[PDB]
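Structure at a glance
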Amino acid sequence: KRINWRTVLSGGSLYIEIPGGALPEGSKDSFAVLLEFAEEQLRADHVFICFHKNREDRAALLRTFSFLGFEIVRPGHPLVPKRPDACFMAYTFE
Amino acid sequence: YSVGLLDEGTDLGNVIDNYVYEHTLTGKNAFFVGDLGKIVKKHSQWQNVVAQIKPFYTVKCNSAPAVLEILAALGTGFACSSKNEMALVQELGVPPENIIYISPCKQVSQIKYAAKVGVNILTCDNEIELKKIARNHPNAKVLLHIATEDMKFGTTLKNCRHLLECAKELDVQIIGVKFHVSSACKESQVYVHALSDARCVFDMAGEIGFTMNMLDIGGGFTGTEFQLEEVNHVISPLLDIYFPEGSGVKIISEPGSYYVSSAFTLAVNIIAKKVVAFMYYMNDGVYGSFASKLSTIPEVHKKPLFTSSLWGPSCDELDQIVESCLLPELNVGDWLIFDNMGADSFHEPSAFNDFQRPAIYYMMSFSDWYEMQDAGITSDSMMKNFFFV
């Protein structure tokens, strides 16, 4: 099934905004090819996750990208947009 | 890189209290204390329970140079999750035959690096990663990652069949099966299911003509004795009959939280206080060594209990560590003790936490010392870095 995800690229650093609710199946492959495309053509030096604070699956996605290799970034970072109603994780390349 | 001696007359209490004493006037920063003796004791516990399984420590739990050094000294393998990790491990002087990468989502640069460094054993849980594996490293050794019946990860039996078929077409060698059984799970029968799935591969790959010689069982261990005891009480009767010694079986495990979680203790300082029930602010929080709260009890240093909430120095709404606790009236400048601070509490110093990292203090007992000395470990060349006193 075709899946639409909102993702925005700026300043050579990619930002992914996840919508509320659970994920559809085959999403593993989805973020997989998301990273493949993040490296091959657009050549990102850093990938980033952002999602709304008030949800019952905050810990779920946090631990998800935790296992995926993402690390927590404190709001207020120069590369992070000033928005205190969002949680942020980060994965850096070499 | 310094660990102090401890006799029966001395305890952790006095090194904690002394570090408190000296930090009170100086930097005023938090402090970490790690018991390597309990890691060694857990290695002896492992060898006691099951010795025919080689543990491969997940670095993401603790990536401090000291722990990695003593673990490499113990002969324990390494489970990798990043290329910087692999860089540090390879820089230490570890053999590539005892290195495994674990990240559920691999990248092209990472696998090119893995290919360049000579590490062939790696896991996989989808067709895309298999495709890039075949695309860049034709001589890679593949471990199939399966799912468990406990948001999602792993590969279904049918898709595992498709995976081994494609792998056969892509001329890449599959050697074993990979999975993870969480520490929290107590449902024994579950393991059977997992193992049954592995048996499936043992058949299917066996039918396709590939050689199997390794089984990875994961890293779901709490650290306590009874947990591992139940683990063997379930795994041992079934394992020896399906893969006995001499069948060419090399079983592998990947302990992470197991060795270090309850092995570390954190000493923290108070910087703020507010009366509404009370709310108290520390000089550290979730944005640092307290990520593990997302997935354990404080004690008072000094000699009337009130309910209170814990906040960090970031003061933002997300910096809640404990929802409700009971403590006597305190003021700014007091100390707090946190046990079980080993699981995912060590991160690298950067702008993420204002270039601030807690000090590194290590503890060792005489008993564990003679326990390592008689094992013939202290005399080999790989530990020229050690400094103990």
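Calculation notes
Residues numbered from 1 in each chain as written, not as in the entry; some residues may be left out. Chains lettered and ligands numbered in written order. Heavy atoms only, no water. Residues with missing side-chain atoms left out of burial classes, pairs and counts. UniProt positions renumbered as here; feature names shortened; annotations may be inferred. Helix = DSSP H or I, 4+ residues; strand = E, 2+ residues; numbered from the N terminus. Rg over C-alpha atoms; globule rule 2.2 N^0.38 Å. Contact = heavy atoms within 4.5 Å. Nonpolar A, V, L, I, M, F, W, Y, C, P; charged D, E, K, R; others polar. Axes fitted to C-alpha atoms, helices over the stretch in contact; angles between N-to-C directions. Parallel < 35°, antiparallel > 145°, perpendicular 65-115°, else oblique. Left-handed = near helix turned anticlockwise from the far one by under 90°. Buried < 20%, exposed > 50% of the residue type's maximum accessible area, 1.4 Å probe, protein only. Pairing = 2+ DSSP bridges. Core = buried A, V, L, I, M, F, W, Y, C linked by side-chain atoms within 4.5 Å. Domains from an automatic or database assignment. Buried area = accessible area lost by both parts, 1.4 Å probe. Salt bridge = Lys/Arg side-chain N within 4 Å of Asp/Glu carboxyl O. Polar contact = N/O pair within 3.5 Å; in protein donor to acceptor, adjacent residues only side chain to side chain. Patch = residues over 30% accessible without salt bridge, like charges linked within 9 Å, V, L, I, M, F, W, Y side chains within 5 Å. Areas by Shrake-Rupley, 256 points an atom, 1.4 Å probe, with all protein chains shown as cover. Disulfide = S-S within 2.5 Å. 1 Å grid on protein atoms, 1.4 Å probe; cavity = no way out; pocket = protein on both sides within 12 Å on 5 of 7 lines; lining within 4 Å. Points joined across faces, edges and corners; volume = space filled by probe spheres on them. Right-handed = clockwise from strand over helix to strand, strands pointing away. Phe/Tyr/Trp six-rings, centres within 6.5 Å; stacked < 30°, edge-to-face > 60°. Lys NZ or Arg CZ within 6 Å of the ring centre and 35° of its normal.

For chain B, the PDB entry supplies the name Antizyme inhibitor 1 and the organism Homo sapiens. Taken from UniProt, the Subunit (literature references left out) comment for chain B reads in full: "Monomer. Interacts with OAZ1 and OAZ3; this interaction disrupts the interaction between the antizyme and ODC1 (Probable)."

The name recorded for chain A in the PDB entry is Ornithine decarboxylase antizyme 1, from Homo sapiens.

1. Let's talk about the overall build of chain A
Scanning chain A for helices and strands turns up 2 helices and 5 strands. What you see in chain A, going N to C, is helices and strands ordered as β-β-α-β-α-β-β. For 94 residues, the compact-globule estimate of 2.2 N^0.38 gives 12 Å, and the C-alpha radius of gyration of chain A, at 13 Å, lies within 12% of that figure. By its C-alpha atoms, chain A is 35 × 35 × 20 Å across when sized along the principal axes. Contacts in chain A between residues at least 24 apart in sequence constitute 53% of all its contacts with a sequence separation of at least 6.

2. Here we look at the interface of chain B and chain A
Size of an interface, as often reported, equals the accessible area lost when the parts are brought together. In this assembly, 23 residues from chain B lie in contact with 32 residues from chain A. Tallied by class, the residues present in the side of chain B that touches chain A amount to 11 nonpolar, 6 polar and 6 charged.

3. Things to note about the packing of helix 2 (residues 36-49) of chain B against helix 9 (residues 225-242) of chain B
Residues and elements named next belong to chain B. With their axes 11 Å apart at the nearest point, helix 2 and helix 9 run at an angle of 25° to one another. Put simply, helix 2 runs roughly parallel to helix 9. In terms of crossing hand, the pair formed by helix 2 and helix 9 is right-handed. The segment helix 2 lies against helix 9, with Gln45, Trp46 and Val49 engaging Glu225, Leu228 and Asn232. Across the contact of helix 2 with helix 9, the residue classes break down as 3 nonpolar, 2 polar and 1 charged.

4. Observations concerning the pairing of strand 5 (residues 86-92) of chain A
Along any regular strand the residues' side chains alternate between the sheet's two faces. All names here are of chain A. Within strand 5, 6 of the 7 residues are buried, leaving the element largely enclosed by the surrounding structure. Pairing of strand 3 (residues 46-52) with strand 5 involves 7 bridges; the strand directions are antiparallel. Paired with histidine 46 across the two strands is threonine 92, which belongs to strand 5. Bridge analysis of strand 4 (residues 71-72) against strand 5 gives 2 bridges, and the strand direction is antiparallel. In the sheet register, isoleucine 72 faces strand 5, and the bridge partner there is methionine 89.

5. Re the nonpolar core
Residues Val47, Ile49, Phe65 and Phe70 of chain A together with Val260 and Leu266 of chain B are the most contacted members of the largest nonpolar core, which totals 107 residues. Looking at which domains feed residues into this core, each of domain 1 (3-35 + 261-363) and domain 2 (37-257) of chain B supplies at least three. When neighbours within four sequence positions are excluded, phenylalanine 65 of chain A is seen to be in contact with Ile18, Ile49, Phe70 and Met89 of chain A.

6. Here we look at the domain arrangement of chain B
Residue and element names in this part refer to chain B. For chain B, the assigned domains read domain 1 (3-35 + 261-363) and domain 2 (37-257). Computed over C-alpha atoms only, the centres of domain 1 and domain 2 are separated by 34 Å. Between domain 1 and domain 2 the total buried area reaches about 910 Å² when both faces are included, carbon and sulfur atoms providing 49% of it. Inspection of the domain 1/domain 2 interface yields 0 salt bridges. In this structure, the connection of domain 1 to domain 2 is made through 5 residue pairs in polar contact. In terms of residue class, the side of domain 1 that touches domain 2 is built from 6 nonpolar, 4 polar and 2 charged.

7. Focus on a nonpolar patch on the surface
A contiguous nonpolar surface patch, about 300 Å² in accessible area, is contributed by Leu5, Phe366 and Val389 of chain B. Inspection of the secondary structure puts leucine 5 of chain B in the loop between strand 1 (3-4) and helix 1 (12-25).

8. Observations concerning the state of the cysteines
If you walk through the whole model with that rule in mind, you get 0 disulfides over all chains. No disulfide involves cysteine 87 of chain A; its sulfur sits 10 Å from that of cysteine 50 of chain A, the nearest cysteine. Assessed through its relative accessible area of 12%, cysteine 87 of chain A is described here as buried. Unpaired in this structure, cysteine 185 of chain B has its nearest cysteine sulfur neighbour in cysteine 61 of chain B, at a distance of 19 Å.

9. Quick word on empty space enclosed by the protein
Residue and element names in this part refer to chain B. In this structure, the largest cavity occupies an estimated 220 Å³ of space. Elements represented by at least two residues in the lining of the largest cavity include exactly helix 2 and helix 9. It is helix 9 that provides the largest number of residues to the lining of the largest cavity, a total of 4 residues. Around the second largest cavity, the lining residues are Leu195, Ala198, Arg199, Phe202, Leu215, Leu238, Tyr242 and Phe243.

10. Quick notes on the pairing of strand 7 (residues 141-145) of chain B
All names here are of chain B. Counting buried positions along strand 7 gives 4 out of 5 residues, so the element sits mostly inside the fold. The parallel pair strand 6 (residues 121-124) and strand 7 is bridged by helix 6 (residues 127-136), and the resulting crossover is right-handed. Sheet topology places strand 7 next to strand 8 (residues 173-178); 5 bridges connect them, and they run parallel. When the sheet's bridge partners are listed, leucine 143 is paired in strand 8 with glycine 176.

11. Some details on the packing of aromatic side chains
On inspection of all chains with the given rule, the structure shows 16 aromatic pairs over all chains. Arranged with centres 5.4 Å apart and planes meeting at 85°, the rings of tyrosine 91 of chain A and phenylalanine 93 of chain A form a pair that is edge-to-face. On the accessibility criterion, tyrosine 91 of chain A (8% relative accessible area) is buried. Feature note: the residues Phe65, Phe70, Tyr91 and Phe93 of chain A constitute an aromatic cluster, connected by ring pairs. A cation sits over an aromatic face here: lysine 42 of chain B above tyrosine 258 of chain B, 5.2 Å from the ring centre.

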